[PDB]
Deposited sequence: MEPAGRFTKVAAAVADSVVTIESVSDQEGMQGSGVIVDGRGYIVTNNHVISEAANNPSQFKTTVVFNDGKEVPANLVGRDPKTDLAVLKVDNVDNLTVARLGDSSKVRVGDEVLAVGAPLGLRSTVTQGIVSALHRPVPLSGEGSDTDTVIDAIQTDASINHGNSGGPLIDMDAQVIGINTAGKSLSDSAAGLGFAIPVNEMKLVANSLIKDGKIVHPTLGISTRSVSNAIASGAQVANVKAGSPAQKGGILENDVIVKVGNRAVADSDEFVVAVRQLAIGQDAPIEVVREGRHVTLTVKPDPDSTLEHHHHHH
């Protein structure tokens, strides 16, 4: 047997098909079993319409055996394209072996696995091309467009392997494929899924700034398009046409890395924001608010 053929068959029982059907629509994706009690991690755009229209959409999970078991949504995060599902009273579950994305390096051979029983189901192969790469993603329905700090691969991520696992050569999940291929790192997926199981939601830091990307010889970074009122930004003293160069301890190259940098901050703690303002380098102090006050 081949190297990739063995690594793929080992995790095929850990990858499931997720279907959401109505009287007029049908959406399919891939999921990963990450817990023996029935917790299934997928991405948020696979199930989005079922969450925003729960009255008319029905989500079921289909296993490698062909078994079709109904599924309930535990929680979703459009800002990370992540979602946790629950099947109830299913035994002998082959749980995926979750790895550590901080141990992943450029050149490492990977497998992007989709659910074997899926319609357009695909299993592609490649290497890790980039680490900690901010990539822009579109929101499925009323869902927000977001940016994740991602693992890039030259293996193809498509509709047939999206939501499935990015797998190393030890058959461990290092990422969640999201549809020049990108995946959500597993260390991010473990942190987000842990909160979606416990609280049914996750809270992220907000500043109240909109940014456009700028790159020249004077100052390259994120240019402030609007400062919301009463926001942590306008209280800390950020004005419009400011060029952010570092949020906290992370430098900001464009508007996409700015979105990721805000979302690694701590809610309530003061954070330094360095900006270039009409040729003057100005460091400012802002305390990030929570995006969900009542769930915080």
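J.: No C-alpha coordinates means not modelled. Give me those stretches of the deposited sequence in order.
T.: Missing CA coords at 1 to 3, 183 to 192, 310 to 314.
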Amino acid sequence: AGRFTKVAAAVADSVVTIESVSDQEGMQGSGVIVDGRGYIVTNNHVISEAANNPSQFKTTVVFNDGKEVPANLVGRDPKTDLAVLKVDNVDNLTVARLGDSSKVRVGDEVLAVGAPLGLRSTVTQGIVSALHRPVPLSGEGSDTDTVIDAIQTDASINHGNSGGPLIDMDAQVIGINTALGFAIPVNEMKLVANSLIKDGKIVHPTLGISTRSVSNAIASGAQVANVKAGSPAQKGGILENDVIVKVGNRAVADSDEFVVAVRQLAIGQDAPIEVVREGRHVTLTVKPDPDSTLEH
From here on, numbers count along this sequence of modelled residues.
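J.: For the stretches 208 to 216 and 163 to 171, which has the higher mean C-alpha B-factor as given in the deposited record?
T.: Between 208 to 216 and 163 to 171, it is 208 to 216.
J.: When the C-alpha temperature factors are averaged for each of 138 to 146 and 153 to 161, which stretch ends up with the higher value in the entry?
T.: Comparing averages over the C-alpha atoms only gives 138 to 146.
J.: Checking the record values for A10, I18, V15, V276, which has the greatest CA B factor?
T.: Among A10, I18, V15, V276, the PDB entry lists the largest C-alpha B-factor for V276.
J.: Considering only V243, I40, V262, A50, which residue's Cα atom bears the greatest B-factor as recorded?
T.: Among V243, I40, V262, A50, the highest C-alpha B-factor in the entry belongs to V243.
J.: C-alpha B factor of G221, ranked within the chain: lowest, middle or highest third?
T.: It belongs to the highest third of the chain when residues are ordered by C-alpha B-factor.
J.: Taking the values exactly as deposited, rank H296 by C-alpha B-factor within its chain and report the matching third: lowest, middle or highest.
T.: Highest third.
J.: Could you tell me which third, lowest, middle or highest, the C-alpha B-factor of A229 occupies within its chain?
T.: Its C-alpha B-factor, which the entry lists for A229, ranks in the highest third among residues of this chain.
J.: Place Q269 in the lowest, middle or highest third of its chain's C-alpha B-factors, as listed in the PDB entry.
T.: Its C-alpha B-factor belongs to the highest third of this chain's values.
J.: Sorting by Cα B-factor within the chain, modelled residues only, which third would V203 end up in: lowest, middle or highest?
T.: Tercile = middle for this residue's CA B-factor.
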